[PDB]
Ligand SMILES: *[C@@H]1O[C@H](CO)[C@@H](O[C@@H]2O[C@H](CO)[C@@H](O)[C@H](O)[C@H]2NC(C)=O)[C@H](O)[C@H]1NC(C)=O
Ligand SMILES: *[C@@H]1O[C@H](CO)[C@@H](O[C@@H]2O[C@H](CO)[C@@H](O)[C@H](O)[C@H]2NC(C)=O)[C@H](O)[C@H]1NC(C)=O
Ligand SMILES: *[C@@H]1O[C@H](CO)[C@@H](O[C@@H]2O[C@H](CO)[C@@H](O)[C@H](O)[C@H]2NC(C)=O)[C@H](O)[C@H]1NC(C)=O
Ligand SMILES: *[C@@H]1O[C@H](CO)[C@@H](O[C@@H]2O[C@H](CO)[C@@H](O)[C@H](O)[C@H]2NC(C)=O)[C@H](O)[C@H]1NC(C)=O
Ligand SMILES: N[C@@H](Cc1c[nH]c2ccccc12)C(=O)O
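Protein chains in written order, with the UniProt record's numbering: chain A, 161 to 629; chain B, 44 to 506.
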């Protein structure tokens, strides 16, 4: 109604110029569309490109879990693998990407001609039991690495006699266990092996000859850096767990120097972070440092290897009955029969579950945060100097979420003292960042924090999270 | 001078198919597995969503057959109730939810089309915005050109979506044929994180996202041949096919990937293509991108004929009613829709619109069903050839009440504010409808503006 009818509109709109105006607007619209397309093309072509993927393997995407004594993992009186088949849910909840069985072959004493590396010990389990355990582990996406140490009941790592026949037995057993379906091998205390470099190179070549996802772990007892480098001279791809970090504890910058020197000497390759080849963390640390080390090991460029029960701070010096080499796992008050009532809830795994502040909750959160971001998976690592008693570094892959870890190894509280951000690389440090979690009571998370006025209580770790700049 | 009926049965099915299957199948699996841990539970909730959509479409078909007036909820819910609720509905459609729908779908299209050029890197935001705006401009020009071109494009892109889904299904079947285990033991058995109200209702709420968009046939009624029989037939042909395709695609996804992979990754289709294809697995997002393109077109179509309908009732300015004498398309309505679709690009954030839509979309359907029941009670034999039993509508009303309760539980503060905006239309309603004897200068200015818009864009009144 509020407008011209058909006849009047066709009478008036036919005037010259009016026909040209709408045509001009149509051509202007098409020109603007073409200009928008050209601008989009220019923005696309003049843009940075992606970084190349590092060809991710299976063992780079999570920690590893070691089981030194299978009998004491589920308590005495139950040594069969069915305990592990039933307990796989616990490790799946922990979200580990590996599992290291202890030695299961026959080893009674130093008798070389009687010890065999292929036959499965009946007490530990059966061959079909091992196959069922492997199948269950594979279904749970938990891959199994099997240990091969011919002598673990006596004094020598391999045998006190000539070791060539030991190498022949090991090379015979490699395929027997490889076609069994295991996903990797482990050898320990190779410091007692004469000319161990050649044997390790041969085993690495053989294991890689079956498939590409096969892995080999070597464990030493020497903290010397030069010996480790000499061992890795011909075994670059080999993962070597050692006591390197065990030399010093609670050191503000000595630990940073150790880590930086090791990374510089190794050529920034992939390595394994652990305080000992087969021993627990509490055997070298007190109860006030477990959180700091568990935070450090989950944010370093490498594979972290932990011992069983060290996600809840198990102690081998708190109960006389349990031997130091084979601690008994604390599942309930009835787990340890001697002196009932000595076991407390806060050391019990069930007591550490519901409590948010428990070590087990911290371990679970770090495990969750380890295997989803690419920065912590295969990102670049840059450590920068800070105030005394502190260790500060940054993780950043190419463009994803950047992480910044600060640890206080000093015995007294002090400010952050971040001073100059040495080697920031592409990931510039902003004045504002998030705080995902803290290792001490207080310090509510989720809120942003200001770094220039960070007050650090003794023995505290921070895992600030900030995005691309 | 009236819009002749051009949509046929095939185009009627194509509209629904291209509107419903735009993005949900390629993203939702991750969320439904996050809520429902067991893949069997996810399949069960998908089937439940499918049958719920079947029930809603069934009754909706009758509701549309009874009232052959053009326009969707704005017509059925205007004939029932009164003028005031209808204007609130149309104002809400005009303000946020409808214009934001096209922009969000176009942004998804841009991102998934530019993904092959930036596999791991996040695509630049400027390029995505420009590509989305280019898509909207091209589509609103094609729509203004002629109806037949729009119908042909919609049919072609629906066919492309079906072809991509069939490719996914055949790849899944092939990988089943290679001695697969179908992940049967994790399937069903332990449910995982099931709860009475904690998780199953959340999984249902996530599932109903991908099944939306079936309420579009009404928006194009009075433009299709023989609406009395072709409208219900198109719905009953389209919906079960979509349900079975969704179920089969979810089954194909679950069997060939680990649960944790979906729980961690986002683009399930990209991972499927990388695993199976292994070669040139970059077109997969491209197809998916195309799967969005046609969708936008459909929405734009179903948007324009909505606003035009409002302009017939006097709620809207009379500029929108006029149509081109030769082309016979409502040019001003399409231009207005394109303008307010473009205007949402300038927003820094775009996910804030879901908070209100999430409950508005599911309360309006319940209001429409209550109106249908009221119409049945008030006067019988109002040309109801179908005459469905009065059992589905009451169950649908009860289910919609549960959905509204779940929405209130999930986002109380967000839902509150969303509804407050609804009250903002009252001053506009009073100024436009309740206020009529305006000063002469206002009427002169309005008339001059409409005359100018008629002079630039050659459009004649409806009659
Ligand atoms: C056996 O393992 C050794 C350990 O590096 C590999 O050394 C190779 O020796 C063979 C011939 O002696 C040649 O392939 C090269 O001289 C060496 N290549 C490399 C990469 O070291 C060897 O690859 C493995 N298998 C072979 C072919 O001997
Ligand atoms: C073996 O582990 C312990 C940890 O300190 C050390 O014991 C030495 O063992 C080697 C080989 O038997 C011998 O030198 C002596 O038995 C011990 N002497 C030393 C060095 O303390 C030793 O650090 C480790 N092995 C070496 C030599 O590094
Ligand atoms: C091990 O790395 C250190 C890094 O400090 C090397 O010491 C030098 O310091 C600069 C600064 O980082 C290094 O980039 C240079 O490579 C070294 N140059 C100087 C000033 O001596 C040390 O030389 C490295 N050792 C090896 C074997 O590369
Ligand atoms: C329980 O946690 C406490 C942490 O304080 C540790 O041992 C406790 O030590 C404090 C004082 O040093 C006292 O509460 C008790 O001596 C111990 N706790 C209790 C409740 O007895 C250790 O982590 C756990 N100790 C025990 C025995 O519960
Ligand atoms: N589900 C549609 C998206 C969609 C279109 N119209 C809708 C109305 C309400 C909710 C979702 C939609 C898709 O797959 O892309």
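Where a beta carbon is used, it is the ideal one built from N, C-alpha and C, also for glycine.
### Query
Would you say residue 497 (chain B) and residue 364 (chain B) are within 7 angstroms of each other, going by their C-beta atoms?
Taking 7 angstroms as the Cβ cut-off, residue 497 (chain B) and residue 364 (chain B) do not qualify as a contacting pair.
#### Entry: Segment contact, 8 angstroms Cβ cut-off, at least three pairs: the segment 449-467 of chain B with the segment 327-341 of chain B
With the cut-off at 8 angstroms, the segment 449-467 of chain B and the segment 327-341 of chain B do not touch.
### Query
If you measure from the beta carbon of residue 166 (chain A) to each beta carbon in chain B, is any gap under 7 angstroms?
Taking Cβ atoms only, chain B reaches closer than 7 angstroms to residue 166 (chain A), which makes this a yes.
### Message
Distance check for residue 49 (chain B) and residue 459 (chain B), CA to CA, integer angstroms please.
### Response
A straight line joining the alpha-carbon of residue 459 (chain B) with that of residue 49 (chain B) spans about 42 angstroms.
### Rounded separation between residue 445 (chain A) and residue 347 (chain A) - CA only
Approximately 25 angstroms, taken between the alpha carbons.
### Task
Starting from the Cα of residue 277 (chain A), find the closest Cα among A:357, A:263, A:391, A:559 and give me that residue.
Here the closest residue by C-alpha is A:263.
### Query
Where do the ends of the alpha helix (DSSP H) carrying residue 538 (chain A) lie?
Per DSSP, the continuous alpha helix (DSSP H) segment holding residue 538 (chain A) begins and ends at 534-538.
### Task
Can you grab the Cα-Cα spacing for the pair residue 430 (chain A) / residue 86 (chain B), in whole Å?
For residue 430 (chain A) and residue 86 (chain B), the distance between alpha carbons rounds to 42 angstroms.
### residue 217 (chain A) - DSSP class collapsed to helix/strand/coil
Residue 217 (chain A): coil per DSSP, three-state reduction.
### Message
Under DSSP, the beta strand (DSSP E) around residue 463 (chain A) begins and ends at which residues?
### Response
Start and end: 462-467.
### Query
Closer than 7 angstroms, CB to CB, is residue 219 (chain A) near chain B or not?
No - not a single Cβ of chain B is within 7 angstroms of the one on residue 219 (chain A).
### Continuous alpha helix (DSSP H) assignments of at least 4 residues falling wholly in the segment 275-323 of chain A
Segments of the alpha helix (DSSP H) lying fully in the segment 275-323 of chain A: 287-299.
#### Entry: Residue ranges of each beta strand (DSSP E) within the segment 395-454 of chain A, 3 or longer
Entirely contained in the segment 395-454 of chain A, the beta strand (DSSP E) runs reaching 3 residues are, in chain order, 399-401, 431-433.
### Task
Grab the span of the alpha helix (DSSP H) containing residue 148 (chain B) for me, first residue to last.
Judged by DSSP secondary structure, residue 148 (chain B) falls within the alpha helix (DSSP H) whose first and last residues are 141-157.
### Query
List, in order along the chain, the chain A residues whose C-beta lies closer than 7 angstroms to that of residue 503 (chain B)?
At a C-beta separation below 7 angstroms, residue 503 (chain B) has these neighbours in chain A: 166, 169.
### Task
Just jot down, in chain order, the residues whose CB lies closer than 5 angstroms to any heavy atom of ligand 1.
Those residues, listed in chain order, are A:361, A:365.
### Message
Strictly below 7 angstroms CB to CB, what residues from chain A border residue 371 (chain B)?
### Response
Close to residue 371 (chain B), with beta-carbon spacing below 7 angstroms, lies no residue of chain A; the smallest spacing is near 13 angstroms.
### Task
Using three-state DSSP, classify residue 374 (chain A) as helix, strand or coil.
DSSP, read as helix, strand or coil, puts residue 374 (chain A) in coil.
### Message
Suppose contacts are defined by Cβ-Cβ distances below 7 angstroms. Is residue 140 (chain B) in contact with residue 400 (chain B) by that definition?
### Response
The Cβ-Cβ distance between residue 140 (chain B) and residue 400 (chain B) falls below 7 angstroms.
### Query
Is residue 352 (chain A) near ligand 6, going by C-beta to nearest heavy atom under 6 angstroms?
Because ligand 6 does not appear in the structure shown, any question about it cannot be addressed here, the ligands present being ligand 1, ligand 2, ligand 3, ligand 4 and ligand 5.
### Query
CB of residue 504 (chain A) to nearest heavy atom of ligand 4: below 6 angstroms?
Flag set: Cβ of residue 504 (chain A) near ligand 4.
### Query
Mind checking if residue 418 (chain B) is an interface residue toward chain A, Cβ cutoff 7 angstroms exclusive?
For residue 418 (chain B), the answer is no, since every Cβ of chain A falls outside 7 angstroms of its Cβ.
### Message
With a threshold of 8 angstroms, are at least 3 pairs of Cβ atoms found where one atom belongs to the segment 276-292 of chain B and the other to the segment 200-220 of chain B?
### Response
Judged by Cβ distances under 8 angstroms, the segment 276-292 of chain B makes contact with the segment 200-220 of chain B, as three or more pairs qualify.
### Message
I'd like to confirm the pairing. Which residues does DSSP put opposite residue 225 (chain A) in its beta bridges?
### Response
Looking at the DSSP assignment, residue 225 (chain A) forms a beta bridge with A:466.
### Task
Flag residue 207 (chain A) as yes if its beta-carbon sits less than 7 angstroms from any beta-carbon of chain B, otherwise no.
Yes, residue 207 (chain A) counts as interfacial toward chain B.
### Message
Suppose only complete runs of 4+ residues qualify. What are the alpha helix (DSSP H) ranges in the segment 418-505 of chain B, listed by chain order?
### Response
Counting only unbroken stretches of 4 or more residues, the alpha helix (DSSP H) elements lying wholly within the segment 418-505 of chain B are 435-453, 455-465, 468-472, 483-499, in sequence order.
#### Entry: Pick from A:555, A:570, A:571 that is closest to residue 589 (chain A), judged by C-alpha positions
Among A:555, A:570, A:571, the Cα nearest to that of residue 589 (chain A) belongs to A:555.
### Task
Measure the beta-carbon distance from residue 621 (chain A) to residue 455 (chain A) and round it to whole angstroms, keeping in mind my assumption that it falls under 8 angstroms.
About 4 angstroms; that satisfies the 8 angstroms criterion.
### Query
Where does residue 605 (chain A) land, buried or exposed, given buried means 16+ other C-beta within 10 angstroms?
Per the 10 Å Cβ criterion, exposed.
### Query
Name the chain A residues that come within less than 8 angstroms of residue 178 (chain B), Cβ to Cβ?
Counting only Cβ-Cβ distances below 8 angstroms, residue 178 (chain B) has no contacts in chain A at all, with the closest Cβ about 11 angstroms away.
### Query
Which residues have their C-beta within less than 5 angstroms of a heavy atom of ligand 5, listed in chain order?
Working through the chain, the matches are B:65, B:66, B:67, B:255, B:256.
### For residue 484 (chain A), the three-state DSSP class (helix, strand or coil)
Three-state DSSP puts residue 484 (chain A) in coil, outside helix and strand.
### Query
For the beta strand (DSSP E) that contains residue 358 (chain B), what are its first and last residues?
No beta strand (DSSP E) contains residue 358 (chain B), which DSSP labels as neither H nor E.
### Message
At the level of alpha carbons, what is the spacing between residue 130 (chain B) and residue 158 (chain B)?
### Response
Distance between the alpha carbons of residue 130 (chain B) and residue 158 (chain B) is about 41 angstroms.
### Task
Evaluate contact between the segment 365-376 of chain B and the segment 105-125 of chain B, counting only Cβ atoms and requiring at least three cross-stretch pairs below 8 angstroms.
With the cut-off at 8 angstroms, the segment 365-376 of chain B and the segment 105-125 of chain B do not touch.
### Query
Should the segment 310-324 of chain A be called in touch with the segment 280-293 of chain A, which here means at least 3 C-beta pairs below 8 angstroms?
Using a Cβ-Cβ distance cut-off of 8 angstroms, the segment 310-324 of chain A and the segment 280-293 of chain A are not in contact, since fewer than three pairs of beta carbons, one from each stretch, lie closer than that value.
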